[PDB]
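Engineer: show me the folded form of this:
(2 chains)
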There are 2 protein chains.
Amino acid sequence: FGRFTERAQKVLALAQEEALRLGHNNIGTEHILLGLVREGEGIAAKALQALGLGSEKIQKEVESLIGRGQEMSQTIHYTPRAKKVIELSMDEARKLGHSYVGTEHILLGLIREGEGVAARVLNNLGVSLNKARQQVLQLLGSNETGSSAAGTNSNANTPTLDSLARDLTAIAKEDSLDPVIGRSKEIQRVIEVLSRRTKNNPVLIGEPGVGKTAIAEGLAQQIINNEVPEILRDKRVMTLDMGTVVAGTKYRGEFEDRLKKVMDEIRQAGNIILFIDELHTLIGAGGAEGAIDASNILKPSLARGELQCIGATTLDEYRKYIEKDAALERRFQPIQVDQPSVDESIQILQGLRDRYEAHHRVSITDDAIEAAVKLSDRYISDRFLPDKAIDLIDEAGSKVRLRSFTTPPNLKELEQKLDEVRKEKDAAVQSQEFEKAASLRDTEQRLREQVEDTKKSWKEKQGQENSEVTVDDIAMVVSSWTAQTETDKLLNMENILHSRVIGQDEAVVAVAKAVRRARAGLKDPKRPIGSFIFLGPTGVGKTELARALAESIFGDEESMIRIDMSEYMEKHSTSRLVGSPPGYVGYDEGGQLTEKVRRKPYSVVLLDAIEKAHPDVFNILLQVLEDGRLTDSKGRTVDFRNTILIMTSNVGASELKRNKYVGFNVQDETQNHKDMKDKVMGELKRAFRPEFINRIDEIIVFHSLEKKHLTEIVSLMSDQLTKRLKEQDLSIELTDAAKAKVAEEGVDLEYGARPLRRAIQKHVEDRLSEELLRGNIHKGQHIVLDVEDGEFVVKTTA
Amino acid sequence: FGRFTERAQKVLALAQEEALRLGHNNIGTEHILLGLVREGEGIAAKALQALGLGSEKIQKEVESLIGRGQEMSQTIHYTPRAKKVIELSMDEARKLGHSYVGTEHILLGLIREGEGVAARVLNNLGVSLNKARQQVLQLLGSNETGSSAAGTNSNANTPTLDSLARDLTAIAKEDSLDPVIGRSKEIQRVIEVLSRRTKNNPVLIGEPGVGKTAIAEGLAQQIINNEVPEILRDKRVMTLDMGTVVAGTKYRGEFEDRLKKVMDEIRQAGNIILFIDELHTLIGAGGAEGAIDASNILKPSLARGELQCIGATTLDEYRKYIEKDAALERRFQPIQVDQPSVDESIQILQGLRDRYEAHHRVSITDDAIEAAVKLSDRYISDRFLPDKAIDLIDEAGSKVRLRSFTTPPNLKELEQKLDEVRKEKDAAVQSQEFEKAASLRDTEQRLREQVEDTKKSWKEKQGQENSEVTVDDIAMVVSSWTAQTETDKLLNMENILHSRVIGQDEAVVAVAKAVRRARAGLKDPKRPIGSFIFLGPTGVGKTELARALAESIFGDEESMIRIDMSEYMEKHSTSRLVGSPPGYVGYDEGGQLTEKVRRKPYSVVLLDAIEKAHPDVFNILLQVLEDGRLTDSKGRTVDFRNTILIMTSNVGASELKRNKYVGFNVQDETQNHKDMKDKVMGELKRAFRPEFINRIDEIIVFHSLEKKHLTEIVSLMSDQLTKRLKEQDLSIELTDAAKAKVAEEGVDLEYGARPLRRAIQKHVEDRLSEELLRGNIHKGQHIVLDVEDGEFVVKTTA
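Structural biologist: Numbers count the residues shown, from 1 in each chain, chains lettered A, B, ... in the order given. The coordinates are given below.
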């Protein structure tokens, strides 16, 4: 049961033998019984010889109940009873120690599943069924490692170590311990700081976020064996846990009483090491709130070395303890925690691939592992650098492991047939259709034997998916979050961003390429996907491209934040509402803006019209542009490494507002371009900061919307119109002639692709609706809005 | 309810046979007993044959208690005795499974309701009433499926699976489960993310609002059979429900203790799937407050995959757990939910329509299902895209079933007579009036038999309703909230808006058509029913139309919000001044505007004088106009597609206040009109945005009222006057001469139509009260306000 021990399987195959050997077509419980005793001296077999039930004695009974004569042994797979005995044994292996499933369990499970032919064999052969289930148990009903009695004791150590609580050493003396790949430098640094007699308390500060316990298992082992100072004379290691204390209680006072009590029993001092997990909760005080002020008791305890302890703390906690003092300042002392370096990360994963062989889709592929880490590091980007990886391995190590049984080569169809029959078949007999059920059954069951036969032919689709964990695989899971469903996005990025925005194609390919750079690596993993400013008169393609980025990269059209900076400039938005100064940065930092971007990680953040925002707004954005972090609410650091920052503006508005033509000029546009790329891009610097523009990755210039782009934007919008009416069954079209007429509203010198929505609204929505109401056009007929006189005419078509 | 099992009905008809056959005017309890035993082998029938209560034995007894000789069997319906036995058995079949009621329940129920002749027959034939009821019971074994007991494997599964809770698999192995229509793509996406050796936890994000459980029943079914990967062997599905834990528990500590214990038993790990409903509440992370931080225990539990889970949560929340870290970046992991596309919505509906033929109305029409959906989406609208519909289907799927009983040929009249008799009759017996009640009694009871006869002629009242649920039917019900009673609203919208606003009829016809377009389903389902700017001098018809729209569309005169934008000053915050300056965008977004529209979503929102606001307020309105949503207080998306948003303005005041008067012009009036539709529309641009106006749909220009618009509004006001005083029994009428003289105050450039109120008040209300007190006019007496000298002159009339 999961590659879980021979002894089970071994008793079982002898059943199949017995199946045909006396002639049983489904291998009954009588054959299972024989299987056990013919497996000779396994716990099942052995037991039966104890009960007095020899294989002979059993078989004599067996042949007299069924025995003869289904020697044809039709399919010979089990009887459902016999299938239960196996299902039972797995639980009987939980029941009688054995992770894996072997012989005791099968006889015990058999008794449990007493049933007909088995049951009658032993109760006829003068053996009580429970005397047998006993019998197997009392020979073996165990598997054991480490623990096993022999007697040892210590005295004063008793009251303390009893209480309360978990001991890492215990599980490591019984030893099921796995290292698990430390996180070494902490262990040394703890042991100087532990092996003191005043600040004999280590305090581990680090990413949590590595699994603190990896260091802990580190410590455990190293404090025992075998080079440790004489200060740490005859040490014992006990880990403390709040969780048992809080459970079974519901008032604070008892927890504190117990903490006082514990603090007393730790008096085995200079011979005891206490590990205090979740140290922060106990320390309390500080801030505007504590966390539980057990600290009062704990502080002298730490100083005394009775609670000579290791504190596992957090970012903030050290502040609220060295602030407390002086059995909390001359107690505590910090030391720096490790994690497995980005390449090392890859290796940790790899190490547990082979053990994901009960997950049977790892080990392999290397490239997938390497990828697991790397693709995640740059995009999603919602986690720290090592964790992401293994999860992908396993995810995809199931997505595709599913693709195994989704299609065989596509020989899933066999089973599909067996179904179609069954339906017909069954129901045919339920009406009957006696013999008219017959052939359906035969067609069904024809199918059935074939099905079970071809289900172990679908070991080929296992050899296909079931160790692979591919780059592609990994990529797919990263895409699940957000190779495979990332690189089509990468390779075609301009094309895909182009497919939603035609407004300044110049801009689209550039933006595309910047994302493709980050999203294909060689940029800081800390830094965002892209910082940008997109200039051009309002929504040239600008806003729309932010949308198109979301659409293309993430597979969701919108997963795109969007804030207008002109409302909290840090400049003029001091007193827009209020008569006194209170406001603008306080919203921006203090929670509002930052919380919103915190919700979607892979989010095109669009900060609108930053044109007359203060140089201060830019410093905040700058932290993203430099570090790729934002510092905000609840003391959280939000790692901007998956955001795509797009700030729009019309900062030197006038110069932007001179089209990128094409349909008017083709060379005044590239002279508006250079021109907007200086007066704009310098008003950009003048209202922002040059440092800002300097750590903005790219300053994209969009002019006024090309003369050119409009009927293509219109042909997406007018068609988006034609598509949203089709869902409830109305076919509308604006001809190319009518889509041309729609484009005319803005052709632009001072505006973007914004008036186009409105002109679709006027020329499509409004235009169809005044014709559907008047009965020119109807449901389930094609509505041609055409131009054939320089103005719209609503025509009807099939 | 309907569609019951035969066996009941079968025993009953044999009773009726005895009714006349032994001569009883009543199908009595004596006949029912005979009925049971003559129905032979029903459990009731069968039972009686055991105890010794053959048809013979019974009938011998029966004839000795009535038997003879009312062969004519007048009004052969049951005894009241028998009617009780039948009602009881029906519930005694609810009681002992058999929803559709049959024989067993009828004898069992008979004994329970053991009275009259029946009871005595068997207790005379040496069979106790319970000896018979026993007999039915011990031959009964009720009605059930999917269960019969024979035992299955367990061991470690015992403590865990008990606790806590629901087991989706169980009801699906009892095969009572209905799909329920997928909600399919989610289900695959969970198992990649599930069967997994790291990050084993799916987290379903999406619409709530789809019935999450539809996906869940999906999952259940596929996690059993059979393409799930061996990463998790055995595979058992356990649901964890917060609701069961909290019930009977009053303190937090106890709840946590139970969670701790459960989590420990969750040790069946790597084989067990845990369903965590409302996953966020437990995580207790993100924001300034959690929701209970069970997460501490839950996080390692999820990460180990011991409590690997499927989270049914919300869009944002999964993030606000990866925000907690680091067992949500190696535990939780998201996948995108499906709901039934608008057309698909219709199909889900249809699928359970035919079984709310249990309320016997629908059972179809298809077009009506479609109507439910389509009609709802644009008008009320108060709910998400599929939900509205079905409620309406069922609504009309009852509504109209009332209209049957009202219109047969109006054979309600039969019953109407039967009452009138009964009354007369009864009251006559209470005095006596013996034979003077008698003929009334006979007329009554005449009526009665006829009534019950024509009530089963009112199977035509079934044939009327029991599959009709038509377009119109649904529409009428959707209109009950808000085809049928929306299209008389649509067709005559202009007329209806005209009947309440006679103040700038030009404007009225335009608004009428725009609302009627949207309300005919001819606009995006992501946009309001109306966006507008109403330009015009003060309340020309502007305010009045907001009212008239409410009146025509919504079925109540006022279903109309009304907020003055001038309090949200923003850029006009020294250009008018206000008592309270600090808030303004915060005031609208943060609570005020948004809460009001949340109360009735179907509300004509009238934002007066919008020019007295910065362009920033307009962005929110633009977002309403575009998205059809507003994003506000308590993280709500309030779907604007209910509302008719109407924004008024006096923005280009000078042209607006240059009138448009029939009396002096009609060509300068339509050019004061034209003057206002351009110069106003450019003062509109400076106090708005072109972007604003571009997502606003139609800018309606009102002009100060003509000669002639006034005198019709006044004649409504004068009539509003005449109507509210008649209720209290006083008659006033203003002649046409007097309604004209009153109308003149609403003329200026500046005004529009509110001063009409003043002039009706002054010339009618105030004037009449100073004349009723005088003794000029009196009660009931019709008081004519006439003009006979260019001033009001009071004439008196009857």
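Engineer: residue A:614 is in contact with residue A:569, isn't it?
Structural biologist: Yes. Between residue A:614 and residue A:569 there is a contact under C-beta atoms under 8 Å: 5.4 Å. Backbone N, C-alpha and C define where each C-beta goes, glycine included.
Engineer: just want to know which of these two has more residues nearby.
Structural biologist: A count of neighbours by other C-beta atoms under 10 Å in any protein chain shown puts residue A:569 above the other of residue A:614 and residue A:569, at 24 against 21.
Engineer: and residue A:564, backbone torsions?
Structural biologist: phi -100, psi 120 (degrees, to the nearest 10).
Engineer: what's around residue A:137, how many residues?
Structural biologist: 20.
Engineer: quick one: it and residue A:97 touch, right?
Structural biologist: No. If you go by C-beta under 8 Å, residue A:137 and residue A:97 don't touch, sitting 10.4 Å apart.
Engineer: what about the helices in the stretch 451-600 of chain A?
Structural biologist: A:460-464, A:471-481, A:484-491, A:493-498, A:505-518, A:542-554, A:585-590, A:592-599 (DSSP state H, counting those that start in this stretch).
Engineer: so which of those helices is nearest residue B:306?
Structural biologist: helix A:471-481 (21.6 Å; C-beta to C-beta).
Engineer: residues contacting whatever residue of the stretch 451-600 of chain A ends up closest to chain B?
Structural biologist: Nearest residue of the stretch 451-600 of chain A to chain B, counting by C-beta to the nearest C-beta: residue A:578, 3.7 Å away. Residue A:578 makes contact with B:581-583, according to C-beta atoms under 8 Å, 6 or more residues apart in numbering or on different chains.
Engineer: chain B contacts on the stretch 51-200 of chain A?
Structural biologist: A:84, A:87-88, A:90-92, A:94-95, A:109, A:113 (C-beta under 8 Å from any C-beta of the partner chain).
Engineer: just the buried members of the residues you listed?
Structural biologist: A:84, A:87-88, A:90-92, A:94-95, A:109, A:113 (16 or more other C-beta atoms under 10 Å in any protein chain shown).
Engineer: could you export those as TSV, including secondary structure?
Structural biologist: Formatted as TSV, these follow (DSSP: H, G, I helix; E, B strand; the rest coil):
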residue	secondary structure
A:84	helix
A:87	helix
A:88	helix
A:90	helix
A:91	helix
A:92	helix
A:94	helix
A:95	helix
A:109	helix
A:113	coil
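Engineer: any chance you could map the strands in the stretch 101-250 of chain A?
Structural biologist: In the stretch 101-250 of chain A, strands defined by DSSP state E, counting those that start in this stretch lie at A:203-205, A:236-240, listed in chain order.
Engineer: now residue A:237: how far from residue B:555?
Structural biologist: Per C-beta to C-beta, to the nearest Å, residue A:237 is found 77 Å from residue B:555.
Engineer: looking at the two, which one has more neighbours?
Structural biologist: A count of neighbours by other C-beta under 10 Å puts residue A:237 above the other of residue A:237 and residue B:555, at 21 against 16.
Engineer: list the contacts for the residue of chain A found nearest chain B?
Structural biologist: As assessed by C-beta to the nearest C-beta, chain B sits closest to residue A:250 within chain A, at 2.8 Å. By C-beta under 8 Å, 6+ apart, the residues touching residue A:250 are B:251-254.
Engineer: distance check, it against residue B:251.
Structural biologist: 4 Å.
Engineer: now residue A:652
Structural biologist: 65 Å.
Engineer: what's the answer for residue A:70, then?
Structural biologist: 64 Å.
Engineer: who has more neighbours out of the two?
Structural biologist: For residue A:70 and residue B:251, the more surrounded residue by other C-beta under 10 Å is residue A:70, and the numbers stand at 17 against 11.
Engineer: my read: the more buried one touches residue A:21, true?
Structural biologist: No. Residue A:70 lies out of contact with residue A:21 (C-beta under 8 Å); the separation is 10.8 Å.
Engineer: how near is the residue with the shortest distance to the centre of chain A to residue A:405?
Structural biologist: What sits nearest the mean C-alpha location of chain A, by C-alpha atoms, centre = their mean, is residue A:391, with 6.3 Å. Distance, residue A:391 to residue A:405, using C-beta to C-beta: 22 Å.
Engineer: ok, now residue A:666?
Structural biologist: For residue A:666, the distance to residue A:405 - C-beta to C-beta - is 58 Å.
Engineer: between those two, which one's more packed in?
Structural biologist: Of the pair residue A:666 and residue A:405, residue A:405 is the one with more neighbours under other C-beta under 10 Å, namely 18 against 11.
Engineer: how about the contacts made by that one?
Structural biologist: Residue A:405 makes contact with A:458, A:461, B:226-229, according to C-beta under 8 Å, 6+ apart.
Engineer: which one of the residues you listed sits closest to residue B:424?
Structural biologist: Closest to residue B:424, out of all of the contacts of residue A:405 and judged by C-beta to C-beta, is residue B:226, at 74.3 Å.
Engineer: can you give me the strands in the stretch 251-400 of chain A?
Structural biologist: A:272-276, A:309-312, A:334-336.
Engineer: show residues contacting the first one.
Structural biologist: If I follow you right, that is strand A:272-276. A:157, A:160, A:168, A:194, A:216, A:219, A:223, A:232, A:235-240, A:266, A:282, A:298, A:306-312.
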